[PDB]
Every structure is written in structure tokens, then in C-alpha cells.
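Protein chains in written order, with PDB author numbering: chain Bk, 48 to 66, 77 to 193; chain Bj, 43 to 104, 116 to 217, 227 to 279; chain Bd, 83 to 181; chain BS, 61 to 180; chain Bb, 27 to 218; chain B4, 35 to 79.
All C-beta atoms in this analysis are idealised placements derived from N, C-alpha and C, irrespective of residue type, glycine included.
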RNA sequence: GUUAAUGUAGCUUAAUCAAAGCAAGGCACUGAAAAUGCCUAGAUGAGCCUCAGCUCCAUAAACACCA
Ligand SMILES: [Mg+2]
């Protein structure tokens, strides 16, 4: 009740909010909206490393926004046969892609981060850092 | 308070080939193999192995093996690159091709007029220059080599001050993509070295704390 | 325009019949479980030295950058900014056999 | 014949009971309390307690929950209270540790689900 | 017309600016806990506790006791640490744990309980039943010496009197067997 | 640090048998791909 | 070598029933997190003493020092 000392005790909605630019200042320099593309041939491997990345970010207080899978590209590899001169033979492969979006960074945290990411790189794992604009 | 300006560089070689596994990691790898193959659904190869192993017993009384042996011989015939290009030499610390498993770092030998210097490669930057530009410049110029090395940040790795005057040593991290070393037999002593060896060859307390921001792996 | 591969393919439906049996004695059961607990302790110590490592690195960053600011203010005008060179960072993971 | 507390029923759990079983699970210890609506703990069994701690192993195990339940049933009969209410969380009701806590409590002779009031 | 809060407002502590960098409890359960701890503190506004009779609230206790048994903290601690090392060492125990088969020797736990924290539990049961309220009126004592009372229901039958338990007057037609542990320089008085 | 996430199984509920395969791209380099075919090696031209 | 302090598990309890709570881990569950379930490791800085006292060691913060 407005007249009382206890007014607004139940007030909550400012606590829970239920209702993009990199900021470069040259001294406090926040470079955000960054895309981590983890691409590898093995399903389990890419998933495990994407997982490791995700968890690493959550522990480092680095804010992850979106973690999602990119469409798999199916490769058909045509190998030359020696007997028949121009004769082709085939083997089937698949390329798997995962994505982890981080919303903020600083110079020092970029430097630190990349060290850990590439140091812990598993075999047959291709890593990419890019900018938020991409077209699915 | 005069300030002596010296840039510096920590040069990281990429570990090339993966490491062997800890006994625990190996037993765990075994377990993961077993349990993975335990929940697994059929196989195409195993459908054609088992269904035909069963159906041929019904064509006798009333393939898979070929493929197996084929792949066996095609694998066995083929041979692979050596995991050790270091210990077959066992000598060179100065070879850039030395260690496949770990990350390697560059050291240099200098004896100056008043001094004896074992040196993590150092730069000298004029006040008008950026620490970055002098890092790169000193890198490409000093080693007499063509190096593609992707740098990470515009921010430096670690800093150590020697005040006689006052002075600064600012170490940067450079990630080596592909180096081309010209005059592989040059007199200047360039030592490509791991973590333990970086602990060994380093006298100073300025270079002793470089293994503090180094990646131990 | 989303299309996921998380879906279970149609080939896998009726070929289910190939892997019915699984059985373990006291031996394999207790072995696997003991190994698992062991493994958890291990992975924990691993994460611990990992975090302590990146923490020591970040402390080297503190001492470093603060040293450079205390010396030359122009130098933390320069080096506290993040460069455009970091946009397309790409790195390949190690292999089993060198080329 | 006494008065339970009817009410609340915007909130949870129901405060209507004479006695309530309360099971708190720390990442280390399992603590089972018997409460009166006064908030006063009447009779309890905990795993921090040396009596239980020393006999058995791994304070956080399902084993520990069963144990604590048996101990608490014993101490409850000794206290003269045969009835109490237990209001678990839907996901706590599915969990094994708690199923077996309730089983121990039941074989112990303590009925959950208090008798009704008279002329309520 | 506003008034001014008296002392602290409950959530006034945490920063509204930058909500994303604040840790949340994504668990219903953590919330429940935090709330039940908040419900036990002495607030400055009219509350449930206040009206519904905490029964004198804060009370300075006149204590007519037997002096607490003096035991060395560090010694006890070491001994228990060791005992638990030993018990955790065995593989048999761990097998008993994973396979969900174990039992606790209830008689020995009842023994240790009677020896250790029993007096306090018996105390708060007495407080619950208001023994102290009708006897000494203000006074709380801790039952240091365990008292074992029993009735003979027959030749083989023994009905124990624990604190708070129910007994039928048929059982109690005769004087009970009473047992407690003391050497003799001692003198005691028993009362029903 | 290379062995960190290297040890794992595929977590999907219903899936075929996956078998270790050594894959040589055009380098001289070899990788380990889990592939449904038991063949110990494959190589790209 | 000097001053103001200390050495509880990663941060904070208790030290008259008792070394407590929270982080943090693993495996299971759904695509990742998250929740949940089943599990995991842990401390009173080290040496003596009296039934808080004396040192040592180490950190930290300064100064001196050393390069
Ligand atoms: Mg104690």
C-alpha cells in the first residue's frame, strides 16, 4: 500500500527481464558477435569438441548466445580405376559442422581464449572464427 | 626517469602429431569402444556377414570374408610416416622439424659487448612505432627466413622490466603457420625447444617467467 | 532456412534385431564402474590444472598490461584495442601421420 | 480433534498437518527431519550425526537415505508419533533414494498421510 | 504520500543494472531453500511468525543442568577421521554401496545416539511436550544420564518407556524396572 | 591437451555400428574417422 | 633484513550434538547448454609446548636489497 513503509515489497518484475554491434573504444575494447565454426568428418568428435567449447565458455563467464548445428555436406569421392582408363569408382563421405556464438570479448580474453581452443584441438578437427553475419 | 623501449616475442610452433594416451585414457578408450559397440544397431557389413553365414548353411543342407581379407592386405601392404623425426636424429635442438607431439619455441644465442645473452627473440622499437609492427618486423628481419605466422591479439602476452634508466621487455604471442628457414646452417644459434627444455636453457628471471604464460599442454 | 541431420534415418528401423544380447559377470560390471569413478577423479584433476593454468596465464596478462600502462600510457592506448587481424582466425588440428 | 492449518493453497507445500516429514539433500549429507507446524523440529536423523556416520559409507548414497529412514522410523516410534505428512517434489517422488526412504519409513511402522480431522 | 522503509528492503541488495551478468538459480529447489532461510529471519514488518505464536520467541533459559561432559576436540576429530579412512578403505564396503545392499546395525546406532546427541534430542522432545513448562516453569535441563524404564507385561514381555511413547494402564499396574549407569559414592532420587 | 575431447561415444539413441577407419587425405596425413564400414583404411585422390 | 596482517577445499560456516553450506567434477537422460536422476574427490599452513603460547615455512603488501 502506497502510504506504508512496506510498499513495493512484492515488487519483482525489474529482477527478471522478459519482454548487433561490436563496441570498439580503443581502450576498453569490446569485440562481440563472434562465430565459432567447428567442422570435422566425425559426428561424435565434432559434438564432443563443440561441447567442450560450450562448457569452457560457461566457466569463463564468456556469454554464449546460440549453439546450433550447420547442415551436413555429403561428399561423393570419385577415385580413378587403373584397368579402365577413364573409369571411375566411388566412396561416400560426410562433413559435419557445429556452431557456437559468443556475444562478447576483450583483447586480453581473445588472446587467452584462442590459446586454449587451439591447444585443446582434437585430431581431424578444423576450427574457424568469423563474424555474426552468415546465411543459412 | 628515462625509459628504454624494448619489444619482445614468444614464438609458438604448432604441435603437429597427436600424443599417445595415458594408461587410464587407454582403458577408458577400450571401455568406450566396447560400450559403443554394445548399443550399436546391426551393421551393413555384419548383416551381409551373418545373414549369409546362416543362409549358406541352409543352401548346403537343402562375401564378407573376401572384403575382410582384402582390406587386411591393403592396409598391411601400405606403410606410414615415422612418428619420431626427432629421436632418430636425437641430436638437433636447432631443427624446426624436431618435435611432432609438442609445441616448440625459438631461442637465440648472443654475446654482447658488456654481456652474455641467451635470448628469447627480442625487438627494439622506436617511440613512433607500434609494439605490433616492431614484433613482426623483428621477426621477419632477424631470422633471415620467410615466415607466415598468424598473430592473435593487439594485446601483449607478458612483460618483464630491468631498471638500471628504466627499461621494459614486452613479450608477444605469434602462432606459426609455415616457416621457410633460409640458410639452415647459419651461425646464429636458433634453438627450437619444448616446455621442459625452455625450463632448462633459460638462465634469467626475466626469461624464467615466460614459462608462466606459456602453454604447458 | 533450417534442415537438421539430428533425425534418425529410415534404413535403421527394422535391422534392429542384430544386437539383442548383452551380459556381464560381477567382474566386468565392477571393473567398469570402478574405472568410471577413477575416471571422474582423473577428469576432475585435469579440469583443475586446466583452469589453474589459464588463470596463471591471465595473471601474467594482469602484471604485463599493468606494467605497460604504468610505464607508457600511449602503450595501453595502442595495445588495449583489438586488431582487425583476428576476424577470420583458422587453425587445423593435429594428425596421426606427418605428411 | 485438534486444528490443522487449512489455507495457503496459493503456495506450496500444504501447511495442513500436525507433523511433516522433511528431507533435505545436501551435496554431502542427507538430513531427515520431523517438523511441527511451529517449525520446531521434533525428532530427526542426520548423516552428520556421528552415530550414523561411523557405521556406514558414502554419506550421499541411496544406501544412506534408506539408512536414515530406518533410523528415523525407529526414533519416531520411540517418540510416540505414528503419523506424518510427506510432500515431495514430482521429480523427487520418481527418484530411487526417496522411494526407498519411504519404504524404510513404512516398514518402520510410520504411516505417511495423517488421519483426517474430526468435525473438521 | 510515501513513507520511508524501516531498515533494509528485501531485494534492495542486488544490482538491477546488467542483469545478464548475475547468476540465477535455475533450480526450483535452490529457490525453495533460499526462501525458507529468508522465512526464518527476524524482519521489521508484520509477519506470520509474530502473530502465530513462536511461544515467547527469544527466551533466556535458566538452566538447571548436569555439567556437559568434557572431551578433547582435536583428539576426537583425529579418531573419527581415522575410523572413516578405515571404513572407506575396504572394497567390500564399496561393493555393498553400488549394489544397493547394505544395512545398519540399529542397536549400535541407538547405543552411540544414547551416548552422544541423544540427550539433546530427548531435550527438545521434552520441550515439545512441555515437560519443562509444567515442571520447572522456565527451566531446561539436558538429560545427561540415560534412563531406561520398562514394564513387565508377562514373563517374557517387556514394554519400554522411551520419551513420548504410548503405554496402556494395564502394563503399568506394577512398579517398573529402572536402569542407569553410576558407580557408588552416588545418591539419587527417582520421581513419577 | 589434444586428448581432451578425443575420448567419446556417439550419443544418439538408435544408430548403426561404427568402426574405426584410417583416412588419408592428400597430404601424407592420416586421421581416424568412425565409419560404418569395417575397412581399416580409405584414401582420397 | 624491517613494519600492519595472515595462513579453513575454489569462496564463505562452525570449532557445548559437529569439521558445515555453496561452487566444481563424472556417467545417464534430450541436439548444446539447463534442470533432474545415479555417482566423485576433498581441508583447520608445518614443528614443539601449556591444557592460548614459542618458532619455522610460505603467501601477500610495502619498503631496503639484488640484477
Ligand atoms: Mg569437533
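The contact set of residue 165 (chain Bk) on chain Bb, defined by CB atoms closer than 8 Å, is empty, because the minimum CB distance reaches about 18 Å. Between residue 114 (chain Bd) and residue 123 (chain BS), the alpha-carbon positions lie close to 21 Å from each other. Nearest neighbour of residue 177 (chain Bd) by Cα position, chosen from 44 (chain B4), 57 (chain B4) and 69 (chain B4), turns out to be 57 (chain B4). Scanning 86 (chain BS), 178 (chain BS), 92 (chain BS) and 121 (chain BS) for the CA closest to the CA of residue 80 (chain BS) turns up 92 (chain BS). In this structure, residue 99 (chain Bb) has its beta carbon less than 7 Å from a heavy atom of ligand 1.
In this structure, DSSP gives residue 45 (chain Bj) an extended state, which the three-state scheme calls strand. Judged by the Cβ position, residue 102 (chain Bb) qualifies as a neighbour of ligand 1 at the 7 Å threshold, a heavy atom of the ligand being closer than this. For residue 199 (chain Bj), the pairing in a beta bridge is given by DSSP as 242 (chain Bj). A check of alpha carbon separations from residue 100 (chain BS) across 82 (chain BS), 61 (chain BS), 90 (chain BS) and 140 (chain BS) identifies 82 (chain BS) as the nearest. Considering only beta carbons, the part of the segment 37 to 62 of chain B4 lying closer than 9 Å to chain Bj consists of 37, 40, 41, 42, 43, 44, 47, 48, 49, 50, 51, 52, 53, 54, 56, 58 and 62, in chain order.
For residue 206 (chain Bj), the C-beta contacts it makes with chain Bk under 7 Å involve 164, 167 and 168, in order along the chain. If you check the CB distance, residue 211 (chain Bj) and residue 135 (chain Bd) do not come in under 8 Å. If you draw a 10 Å sphere on the C-beta of residue 78 (chain Bb), you find fewer than 16 other C-beta atoms in it, and that means exposed. Here residue 73 (chain Bj) is actually not in contact with residue 106 (chain Bd); their C-beta atoms are around 12 Å apart, not less than 8 Å. Residues of the segment 64 to 75 of chain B4 with a Cβ closer than 8 Å to any Cβ of chain Bk, in chain order: 65, 66, 67 and 68. The beta-bridge partner set that DSSP reports for residue 230 (chain Bj) consists of 47 (chain Bj).
In this structure, residue 121 (chain Bk) and residue 80 (chain Bk) do not form a Cβ contact; the two beta carbons are roughly 18 Å apart against a cut-off of 8 Å. Within chain Bb, no residue has its beta carbon less than 7 Å from that of residue 146 (chain Bd); the closest one is some 25 Å off. Look at residue 115 (chain Bd): its C-beta is under 8 Å from a C-beta on chain Bb. The beta carbon of residue 60 (chain Bk) sits no closer than 8 Å to any beta carbon of chain Bb.
Identification of chain Bd residues near residue 70 (chain Bj) by a Cβ-Cβ cut-off of 8 Å yields 117 and 121, ordered along the chain. By the C-beta criterion, the segment 170 to 183 of chain Bb is judged not to be in contact with the segment 161 to 172 of chain BS, since fewer than 3 inter-stretch pairs fall below 8 Å. Flagged as an interface residue toward chain Bj: residue 176 (chain Bk), by a C-beta distance shorter than 8 Å. Neighbourhood of residue 134 (chain BS) in chain Bb, by CB distance below 8 Å: 132 and 136, in chain order.
The Cβ atoms of residue 273 (chain Bj) and residue 257 (chain Bj) lie closer than 8 Å to each other. The DSSP-derived three-state label of residue 83 (chain Bb) is coil.
Out of 205 (chain Bb), 197 (chain Bb), 148 (chain Bb) and 199 (chain Bb), the CA that lies nearest to the CA of residue 105 (chain BS) is found in 148 (chain Bb).
If you look at residue 150 (chain BS), you'll find it in the alpha helix (DSSP H) that goes 150 to 154. The beta-carbon of residue 171 (chain Bk) is placed less than 8 Å from the nearest beta-carbon of chain Bj. When DSSP reads this structure, residue 211 (chain Bj) sits in a beta bridge with 233 (chain Bj). Note: residue 124 (chain Bk) is bridge-paired with 157 (chain Bk) in the DSSP secondary-structure output.
Flagged as an interface residue toward chain Bb: residue 50 (chain Bk), by a C-beta distance shorter than 8 Å.
Residues of the segment 124 to 157 of chain Bk that bring their beta carbon within less than 7 Å of a beta carbon in chain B4 comprise 134, 136, 137 and 148, in sequence order. Following the DSSP letters along the chain, one finds residue 100 (chain Bj) in no beta strand (DSSP E) but inside the alpha helix (DSSP H) bounded by residues 86 to 103. Taking 8 Å as the Cβ-Cβ cut-off, the segment 181 to 195 of chain Bj has no residue approaching chain Bk.
At a cut-off of 8 Å between C-beta atoms, residue 101 (chain Bk) counts as an interface residue with respect to chain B4.
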